[PDB]
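Below is one structure, written out as structure tokens; the observations come after it.
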Amino acid sequence: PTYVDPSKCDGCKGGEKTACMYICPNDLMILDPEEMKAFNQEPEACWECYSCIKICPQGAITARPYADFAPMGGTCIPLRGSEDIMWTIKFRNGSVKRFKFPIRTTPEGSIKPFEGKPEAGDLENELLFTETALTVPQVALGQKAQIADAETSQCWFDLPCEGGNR
Amino acid sequence: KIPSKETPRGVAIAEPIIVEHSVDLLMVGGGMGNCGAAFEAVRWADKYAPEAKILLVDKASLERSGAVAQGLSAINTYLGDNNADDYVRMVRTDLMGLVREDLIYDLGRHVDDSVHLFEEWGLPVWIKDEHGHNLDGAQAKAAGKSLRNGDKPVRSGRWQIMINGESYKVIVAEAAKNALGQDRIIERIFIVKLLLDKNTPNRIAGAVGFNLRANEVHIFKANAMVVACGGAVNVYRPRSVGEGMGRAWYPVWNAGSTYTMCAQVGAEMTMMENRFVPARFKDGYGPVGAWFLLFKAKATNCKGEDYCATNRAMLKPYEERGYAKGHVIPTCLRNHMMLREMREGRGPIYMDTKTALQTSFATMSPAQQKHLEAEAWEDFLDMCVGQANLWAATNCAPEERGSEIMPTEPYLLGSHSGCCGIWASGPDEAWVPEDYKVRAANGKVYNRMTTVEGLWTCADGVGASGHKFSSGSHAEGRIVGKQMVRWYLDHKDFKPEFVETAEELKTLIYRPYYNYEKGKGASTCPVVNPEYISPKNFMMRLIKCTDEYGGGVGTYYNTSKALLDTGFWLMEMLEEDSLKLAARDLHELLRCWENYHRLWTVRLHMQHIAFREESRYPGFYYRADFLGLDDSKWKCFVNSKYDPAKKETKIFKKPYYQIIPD
Ligand SMILES: Cc1cc2nc3c(=O)[nH]c(=O)nc-3n(C[C@H](O)[C@H](O)[C@H](O)COP(=O)(O)OP(=O)(O)OC[C@H]3O[C@@H](n4cnc5c(N)ncnc54)[C@H](O)[C@@H]3O)c2cc1C
Ligand code: SF4
Ligand code: SF4
């Protein structure tokens, strides 16, 4: 679960999106408008996805690992930049490991989805607009499974019980 | 002091406004499915229907909504040199033989194209350098090597590829945004109903929902729509019942909406008996794979022995029938050999990373050691941060102490290593059987359409066609996105109408609000009140019933006709009680409708397993009264169709066509 540092949180004064409240996939982050401080309204529904922890401008949100199975002292802190992410893992015993990973090669907000790409083709074939041909199964069969249905393998005639006309 | 005086802490909740929308194409959900749908649909509309109103609605905000919220470390579907026939063959083995092979093949010949788009958009994809050593996305670009340049990915198994995909979702949501714009995307709005046409029979007409930031009921009229809102989690009692209720493997906010919203409206459902119980690290559910293959760390019981080797005999009846033969065991059978070690108390199932690391660090240079450790930790930081938190907490850096493996509580999904969902339509080719094609009242057959005319679904939505993953989910959306624009043009002059009025819809959505208002005076505490029921308590009462009678963790995934019957008896007192749910705030109204979706699905999942008189997925769930599999009577799909007018479900067998040989 996630909590907000009241001394760090300013309630997002400018640019009237409340970063944490806006981003949370589970609608857990909410702002107290009078106090201008935010909190997690339902901590036991927190998937601990770090979405709010990353987006927070002040960096007021940290994660306390699930109290009902995780001991105290341990924490993960990201610092997500424009093209990379830095993680610092602080252990219960005091150990620290740091990491750095790529997150994106192209600049944020720059994707032109259609520029350069082919225009819409045939509304009647299975081709997507960026495609030109599609594979067909190597060998294709039409073998129906067929299920026995009858609750008995029993037969009381002398003759196989196969051509059941009546 | 008195609890009823205490402030609700959610948004507000008061008499809603009611705001209508006439739209041509609606998209419910904004995960991997619809972000593919939007991307495709716009392009086809910009050329052929530029006047057509397209709208995408999401429970959360598109930037981070869905399963890919914290990102991923791998793309699990990528052919590239592989042919879509062995793709179908592999998905068939894993999912115990009973799959819609046409949907899987169709998903194969479209999937790579999405992955290629992803890289182009900015997704850092790993590529082999020249001496077979790993390069990350940033440095692969620096070197001038790409999938676009056909450079062969890192790949930790025939079908998967490695990525630096922390920002995976945001990259995809961006493409969907720039195609649509903040005018065709309305976020933070939960859809609850789905309405079908007053005039023509079995045809979709609209959808109802509510705003999560202001008191508004939204009524949507539509010609064609996708409902892709993910799978169903927290339908069974988890292994941590305190705060750990939020630490499930699949996203905790998947309420089984896709499944119920369509089933409720008459769409034919498929394979709902199928579930997925993954084997992941204890409590945190982080991925194990990397630690196993990068360092060769194995699972050992209390004796230190390999239970896979010891319990090989359990697989005899299956391999003789051709289900497992030669160290290619289905995932369900893998944790079927795990369960006997557990129930006979020879646990805990343990990953000794301590000794496995100190041995592998001897044959590696110090700098080559930092690299393989940074790959392994990224599997958490890119995919599952909760686990890294647990290791930070428990002093469990793999160097000094190992970790426990545990099979998770059941999850209901169609995109991942499961296959439960909605009966979709095949593409319409010679190689597709006639029973696999829907074909509408106009005679033509549109790909991936439900049996409800004009309604689509994809990715977790379509059943019997698992192993789509993040790429197939996008590809399927693209498939649908086109078919919706195609549909609209063939039905251009439609005009949808509902049997129910806007007031009737509004009083339904906010019923739990009225329930609370009218009954709150009865008690000094808002939770303990005889007049209504809390959504958190409904949530609990359900997951308990499912655990104990539907084959949850508590019963070692075990069920029978008798156990299910008891389940059903409680289930339909709970169905009745749902009419008396209560909401103090908007966030509670959200939970109220999510838990109602959670009931309808988990019940349907049980009605399916009750019907199928074999244990098709041993290790996932067992029928105690029908322990073994049976290809005589049950080689087929199990489908159901709900009747809205008669409030009756009809569960029936649906024949399986084998298409790809072997
Ligand atoms: C932990 C885990 C690990 C994974 N690892 C991999 C991997 O390594 N490789 C890989 O390829 N795939 C992986 N996946 C699988 C992949 O994420 C899914 O297959 C894919 O995300 C499914 O997409 P979807 O179409 O179901 O939409 P989702 O991404 O599941 O999102 C559903 C959307 O619907 C919306 N929604 C839900 N309910 C409503 C409502 N009723 N009203 C309006 N909107 C609603 C949500 O806001 C959300 O945007 C992983 C998944 C899990 C979570
Ligand atoms: S984003 Fe950060 S600073 Fe802004 S309201 Fe949320 S916790 Fe406070
Ligand atoms: S960690 Fe994720 S799910 Fe939890 S409150 Fe933050 S944004 Fe929401």
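For neighbour counting, all protein chains shown are included, and Cβ atoms are generated from backbone atoms with ideal geometry for every residue, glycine included. No value in this document is a laboratory result; all are computed from the given coordinates.
All C-alpha pair distances within the range A:1-66, sorted into 5 Å bins from zero, spread as 3, 21, 34, 27, 12, 3, 0 percent across the bins.
Given Cα positions, please report Rg to Rh for the range B:278-408, the hydrodynamic radius being the Kirkwood one. Intermediate values should be presented prior to the final figure.
Details: Rg = 15.9 Å, Rh = 15.9 Å.
Ratio of gyration radius to Kirkwood radius: 1.00.
The sum of -39500 (n - 2.57) across all DSSP H runs of n ≥ 4, divided by the residue count of chain B, sets its helix-only mean residue ellipticity at 222 nm to -10500 deg cm²/dmol.
Mind ranking B:599-612, B:14-27 by how tightly packed they are, going by the mean number of other C-beta atoms within 10 angstrom, highest first?
On the way: B:599-612: 23.4, B:14-27: 18.2.
Result, highest mean first: B:599-612, B:14-27.
Bridging of B:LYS506 to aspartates and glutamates at a Cα separation below 13 Å is possible for B:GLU15, B:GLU20, B:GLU216, once same-chain residues fewer than 8 apart are set aside. Protection proxy ranking for B:416-422, B:179-185, using the average of other Cβ atoms within 10 Å per residue and placing the highest first: B:416-422, B:179-185.
What separates the Cα centres of the range B:120-174 and the range B:469-484 is a distance of 22 Å. Taking label points 7 Å from Cα along the Cα-to-Cβ direction, B:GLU216 and B:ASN537 give a separation of 3.3 nm. Label reach from B:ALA313 (point 7 Å along Cα→C-beta): in the range B:325-367, amide nitrogens under 20 Å belong to B:325-327, B:333-347.
Taking a ≥ b ≥ c as the square roots of the eigenvalues of the Cα gyration tensor of chain A, is the shape rounded (a/c under 1.5), prolate (a/b larger than b/c) or oblate? Could the numbers behind the result be given before it?
On the way: a/c = 2.93, a/b = 1.80, b/c = 1.63.
Prolate is the answer for chain A, as a/c is 1.5 or above and a/b outweighs b/c.
Starting from the Kirkwood radius over alpha-carbon pairs of the protein assembly as shown, derive D by Stokes-Einstein at 37 °C in a medium of 0.692 mPa s and give it in µm² s⁻¹. For the chosen part, D equals 120 µm²/s. When you restrict to C-alpha pairs under 8 Å that are six or more residues apart and normalise by the size of the range B:488-626, the relative contact order lands at 28 percent. Under 13 Å of direct C-alpha separation, and excluding same-chain neighbours fewer than eight residues apart, B:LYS518 reaches these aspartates and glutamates: B:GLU531. Extending 7 Å from Cα along the Cβ direction at B:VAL499 and again at B:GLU575 yields two label points whose distance is 1.8 nm.
Ranked by the mean number of other Cβ atoms within 10 Å per residue, highest first, peptides B:349-359, B:446-456 order as B:446-456, B:349-359.
Mean per-residue shielding of peptide B:652-660 is 4, counting Cβ atoms of other chains within 10 Å of each Cβ. For chain B, what class follows from the C-alpha gyration tensor (a ≥ b ≥ c being the square roots of its eigenvalues): rounded when a/c is under 1.5, otherwise prolate if a/b is larger than b/c, else oblate? Rounded. Computed from label points 7 Å out along Cα-Cβ, the spacing between B:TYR48 and B:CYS525 is 6.0 nm. If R0 is taken as 56 Å, the Cβ-Cβ distance between B:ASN202 and B:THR363 corresponds to a FRET efficiency of 0.30.
Within 10 Å of the Cβ of each residue in B:139-146, the mean number of Cβ atoms contributed by other protein chains is 1.
By the rule of a C-alpha distance below 18 Å, with chain neighbours fewer than 8 residues away ignored, the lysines paired with B:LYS647 are B:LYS193, B:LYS198. Per-residue Cβ neighbour counts within 10 Å put B:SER534, B:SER523 in the sequence B:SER523, B:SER534, beginning with the fewest.
Taking a ≥ b ≥ c as the square roots of the eigenvalues of the Cα gyration tensor of the range B:415-526, is the shape rounded (a/c under 1.5), prolate (a/b larger than b/c) or oblate? Oblate. Using the rule -39500 (n - 2.57) for each DSSP H run of four or more residues, divided by the residues of chain A, the 222 nm mean residue ellipticity is -1000 deg cm²/dmol.
So how do B:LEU62, B:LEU56 line up by other beta-carbon neighbours within 10 Å, fewest first?
Details: B:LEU62 28, B:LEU56 24.
Ranked by crowding around the Cβ, least crowded first: B:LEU56, B:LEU62.
Among the listed pairs A:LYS54/A:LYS112; A:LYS54/B:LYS59; B:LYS59/B:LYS654, a Cα-Cα separation exceeding 28 Å is found for B:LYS59/B:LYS654. Across peptide B:161-169, the mean count of Cβ atoms from other chains lying within 10 Å of each residue's own Cβ comes to 4.
Taking every C-alpha pair closer than 8 Å and separated by at least 6 residues, the mean separation divided by the residue count of chain B gives a relative contact order of 22 percent. Anything over 24 Å Cα to Cα? Flag those among B:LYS468/B:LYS495; A:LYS144/B:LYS641; B:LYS298/B:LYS370; B:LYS580/B:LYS653; B:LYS128/B:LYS177, in the order listed. Correct reply: B:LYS468/B:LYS495; B:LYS580/B:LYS653; B:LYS128/B:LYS177.
Note on B:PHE538, B:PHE568: ascending count of other Cβ atoms within 10 Å places them as B:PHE568, B:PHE538, the fewest first.
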